[PDB]
Amino acid sequence: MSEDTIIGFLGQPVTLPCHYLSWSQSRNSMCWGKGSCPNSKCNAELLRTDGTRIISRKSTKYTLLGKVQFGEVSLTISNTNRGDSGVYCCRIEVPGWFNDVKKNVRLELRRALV
């Protein structure tokens with residue numbers, strides 16, 4: 001496929017898309033990280049859930065605005081700066097081996113009439 005790319009401003013919020021309406025608190029967990037998806041878990045982890053909610057975070061820059069129990073786990077970065085560009089990884093953890101859903105998301109950050 002094509003992966004998906006998000007265009008956003010600087011000093012402004014941004015939301016990386018990522019769902020899984022197939023979600024279950026009793027079996028699913030999830031993490032966001034900077035960079036392409038590793039072979040296991042997230043690298044430069046920025047957000048982590050436990051099936052029903054956020055359990056860890058890199059800082060109050062990252063947050064999940066949707067509902068974690070309904071698979072709405074789209075990352076929302078708070079103040080954005082040119083440093084946040086790049087590929088991010090959304091990894092929805094499905095148990096067993098080899099079944100996880102990894103999704104790489106690019107993020108371009110531009111300026112306006114400033």
# chains A, B, ... in the order shown; residues from 1 in each chain; ligands from 1
call {"tool": "select_by_dssp", "arguments": {"residues": "region 7-84 of chain A", "states": "strand (DSSP E)", "output": "ChimeraX atom specification"}}
result
/A:7-9,14-16,29-34,45-49,54-57,62-64,75-77
call {"tool": "residues_around", "arguments": {"residues": "region 42-47 of chain A", "least_positions_apart": "3", "cutoff": "10 Å", "atoms": "only C-alpha atoms", "output": "ChimeraX atom specification"}}
result
/A:30-39,54-64,73,75-77,88-91,102
call {"tool": "write_last_selection", "arguments": {"atoms": "C-alpha atoms", "output": "PDB file, in the first residue's frame"}}
result
ATOM      1  CA  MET A  30      -0.904  -0.632  22.098  1.00  0.00           C
ATOM      2  CA  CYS A  31       2.117   1.698  21.705  1.00  0.00           C
ATOM      3  CA  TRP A  32       3.347   4.663  19.634  1.00  0.00           C
ATOM      4  CA  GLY A  33       7.021   5.301  18.936  1.00  0.00           C
ATOM      5  CA  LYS A  34       9.291   7.493  16.846  1.00  0.00           C
ATOM      6  CA  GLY A  35      10.664   5.790  13.740  1.00  0.00           C
ATOM      7  CA  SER A  36       9.568   2.807  11.638  1.00  0.00           C
ATOM      8  CA  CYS A  37       8.074  -0.117  13.524  1.00  0.00           C
ATOM      9  CA  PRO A  38      10.685  -2.437  15.066  1.00  0.00           C
ATOM     10  CA  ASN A  39      10.297  -6.199  14.992  1.00  0.00           C
ATOM     11  CA  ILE A  54      -2.819   5.099  28.847  1.00  0.00           C
ATOM     12  CA  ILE A  55      -0.371   3.470  31.280  1.00  0.00           C
ATOM     13  CA  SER A  56       2.832   5.276  30.342  1.00  0.00           C
ATOM     14  CA  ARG A  57       3.996   8.267  28.348  1.00  0.00           C
ATOM     15  CA  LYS A  58       7.188  10.085  27.358  1.00  0.00           C
ATOM     16  CA  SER A  59       5.709  13.405  28.567  1.00  0.00           C
ATOM     17  CA  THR A  60       2.540  15.515  28.486  1.00  0.00           C
ATOM     18  CA  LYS A  61       3.238  16.232  24.837  1.00  0.00           C
ATOM     19  CA  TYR A  62       1.612  12.992  23.760  1.00  0.00           C
ATOM     20  CA  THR A  63      -1.972  11.978  24.379  1.00  0.00           C
ATOM     21  CA  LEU A  64      -4.845   9.847  23.174  1.00  0.00           C
ATOM     22  CA  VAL A  73      -5.766   5.151  19.457  1.00  0.00           C
ATOM     23  CA  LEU A  75      -1.678   9.894  18.588  1.00  0.00           C
ATOM     24  CA  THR A  76      -2.067  13.602  19.332  1.00  0.00           C
ATOM     25  CA  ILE A  77       1.179  15.557  19.659  1.00  0.00           C
ATOM     26  CA  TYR A  88       6.086   7.317  13.630  1.00  0.00           C
ATOM     27  CA  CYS A  89       4.985   3.806  14.463  1.00  0.00           C
ATOM     28  CA  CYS A  90       1.561   2.682  15.629  1.00  0.00           C
ATOM     29  CA  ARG A  91       1.715  -0.882  16.907  1.00  0.00           C
ATOM     30  CA  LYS A 102       2.216  -2.276  12.707  1.00  0.00           C
TER      31      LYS A 102
END
call {"tool": "atom_distance", "arguments": {"atom1": "CA of residue 21 (chain A)", "atom2": "CA of residue 70 (chain A)"}}
result
6.0 Å
call {"tool": "residues_around", "arguments": {"residues": "residue 13 (chain A)", "least_positions_apart": "3", "cutoff": "8 Å", "atoms": "only C-alpha atoms", "output": "list in words"}}
result
residues 8, 9, 10, 76, 77, 78, 79 and 80 of chain A
call {"tool": "write_last_selection", "arguments": {"atoms": "C-alpha atoms", "output": "compact mmCIF listing (two decimals), in the first residue's frame"}}
result
# COMPACT_ATOMS: atom_id res chain seq x y z
CA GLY A 8 0.57 19.90 10.05
CA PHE A 9 1.74 23.27 11.35
CA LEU A 10 4.42 24.25 13.84
CA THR A 76 -2.07 13.60 19.33
CA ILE A 77 1.18 15.56 19.66
CA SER A 78 0.78 18.86 21.49
CA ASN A 79 3.17 21.62 20.50
CA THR A 80 4.81 20.61 17.33
call {"tool": "residues_around", "arguments": {"residues": "residue 3 (chain A)", "least_positions_apart": "3", "cutoff": "9 Å", "atoms": "only C-alpha atoms", "output": "list in words"}}
result
residues 103, 104, 105 and 106 of chain A
call {"tool": "write_last_selection", "arguments": {"atoms": "C-alpha atoms", "output": "PDB file, in the first residue's frame"}}
result
ATOM      1  CA  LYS A 103       1.589   0.967  10.853  1.00  0.00           C
ATOM      2  CA  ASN A 104       4.215   3.546   9.917  1.00  0.00           C
ATOM      3  CA  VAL A 105       3.013   7.154   9.721  1.00  0.00           C
ATOM      4  CA  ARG A 106       4.940  10.082   8.259  1.00  0.00           C
TER       5      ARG A 106
END
call {"tool": "atom_distance", "arguments": {"atom1": "CA of residue 5 (chain A)", "atom2": "CA of residue 20 (chain A)"}}
result
18.4 Å
call {"tool": "residues_around", "arguments": {"residues": "residue 53 (chain A)", "least_positions_apart": "6", "cutoff": "9 Å", "atoms": "only C-alpha atoms", "output": "number ranges by chain"}}
result
A: 29, 64, 67-69
call {"tool": "write_last_selection", "arguments": {"atoms": "N, CA and C atoms", "output": "PDB file, in the first residue's frame"}}
result
ATOM      1  N   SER A  29      -3.510  -4.316  23.588  1.00  0.00           N
ATOM      2  CA  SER A  29      -2.692  -3.270  24.191  1.00  0.00           C
ATOM      3  C   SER A  29      -2.103  -2.523  22.994  1.00  0.00           C
ATOM      4  N   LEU A  64      -3.838  10.543  23.942  1.00  0.00           N
ATOM      5  CA  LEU A  64      -4.845   9.847  23.174  1.00  0.00           C
ATOM      6  C   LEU A  64      -6.170  10.506  23.523  1.00  0.00           C
ATOM      7  N   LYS A  67     -11.198   6.977  22.466  1.00  0.00           N
ATOM      8  CA  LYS A  67     -11.450   6.013  23.531  1.00  0.00           C
ATOM      9  C   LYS A  67     -10.645   4.739  23.285  1.00  0.00           C
ATOM     10  N   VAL A  68      -9.709   4.446  24.184  1.00  0.00           N
ATOM     11  CA  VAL A  68      -8.843   3.273  24.055  1.00  0.00           C
ATOM     12  C   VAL A  68      -9.558   1.925  24.021  1.00  0.00           C
ATOM     13  N   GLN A  69     -10.726   1.831  24.651  1.00  0.00           N
ATOM     14  CA  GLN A  69     -11.461   0.570  24.667  1.00  0.00           C
ATOM     15  C   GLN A  69     -12.234   0.331  23.375  1.00  0.00           C
TER      16      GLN A  69
END
call {"tool": "atom_distance", "arguments": {"atom1": "CA of residue 19 (chain A)", "atom2": "CA of residue 72 (chain A)"}}
result
4.9 Å
call {"tool": "decode", "arguments": {"residues": "region 68-91 of chain A", "atoms": "N, CA and C atoms", "output": "short mmCIF file (atom, residue, chain, number, x, y, z; two decimals), in the first residue's frame"}}
result
data_model
loop_
_atom_site.label_atom_id
_atom_site.label_comp_id
_atom_site.auth_asym_id
_atom_site.auth_seq_id
_atom_site.Cartn_x
_atom_site.Cartn_y
_atom_site.Cartn_z
N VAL A 68 -9.71 4.45 24.18
CA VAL A 68 -8.84 3.27 24.05
C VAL A 68 -9.56 1.93 24.02
N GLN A 69 -10.73 1.83 24.65
CA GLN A 69 -11.46 0.57 24.67
C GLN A 69 -12.23 0.33 23.38
N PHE A 70 -12.24 1.32 22.50
CA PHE A 70 -12.94 1.18 21.24
C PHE A 70 -11.99 1.29 20.06
N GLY A 71 -10.71 1.02 20.31
CA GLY A 71 -9.72 1.05 19.26
C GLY A 71 -9.33 2.40 18.68
N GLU A 72 -9.83 3.48 19.25
CA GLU A 72 -9.47 4.80 18.75
C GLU A 72 -8.20 5.26 19.45
N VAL A 73 -7.07 4.83 18.90
CA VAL A 73 -5.77 5.15 19.46
C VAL A 73 -4.91 6.00 18.53
N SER A 74 -5.44 7.15 18.15
CA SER A 74 -4.73 8.06 17.27
C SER A 74 -3.87 8.99 18.11
N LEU A 75 -2.58 9.03 17.83
CA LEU A 75 -1.68 9.89 18.59
C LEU A 75 -1.95 11.37 18.34
N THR A 76 -1.84 12.16 19.40
CA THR A 76 -2.07 13.60 19.33
C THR A 76 -0.85 14.26 19.98
N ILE A 77 -0.02 14.90 19.15
CA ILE A 77 1.18 15.56 19.66
C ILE A 77 0.79 17.01 19.87
N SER A 78 1.14 17.52 21.04
CA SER A 78 0.78 18.86 21.49
C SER A 78 1.36 20.12 20.92
N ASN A 79 2.65 20.36 21.05
CA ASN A 79 3.17 21.62 20.50
C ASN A 79 3.98 20.91 19.50
N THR A 80 3.98 21.34 18.26
CA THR A 80 4.81 20.61 17.33
C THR A 80 5.93 21.52 16.90
N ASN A 81 7.12 20.95 16.71
CA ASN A 81 8.26 21.72 16.25
C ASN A 81 8.94 20.87 15.20
N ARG A 82 9.65 21.53 14.28
CA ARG A 82 10.36 20.86 13.19
C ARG A 82 11.04 19.56 13.62
N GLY A 83 11.33 19.44 14.90
CA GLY A 83 11.98 18.24 15.39
C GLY A 83 11.10 17.02 15.37
N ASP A 84 9.78 17.21 15.43
CA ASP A 84 8.84 16.09 15.44
C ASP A 84 8.52 15.48 14.08
N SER A 85 9.15 15.96 13.02
CA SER A 85 8.90 15.40 11.70
C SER A 85 9.29 13.93 11.68
N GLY A 86 9.09 13.28 10.54
CA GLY A 86 9.48 11.90 10.41
C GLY A 86 8.41 10.83 10.47
N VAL A 87 8.88 9.59 10.52
CA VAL A 87 8.02 8.43 10.57
C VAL A 87 7.74 7.98 12.00
N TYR A 88 6.47 7.80 12.31
CA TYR A 88 6.09 7.32 13.63
C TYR A 88 5.50 5.93 13.47
N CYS A 89 5.50 5.16 14.55
CA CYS A 89 4.98 3.81 14.46
C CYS A 89 3.82 3.50 15.40
N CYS A 90 2.71 3.06 14.82
CA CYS A 90 1.56 2.68 15.63
C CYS A 90 1.56 1.17 15.61
N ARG A 91 1.71 0.57 16.79
CA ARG A 91 1.72 -0.88 16.91
C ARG A 91 0.60 -1.38 17.82
#
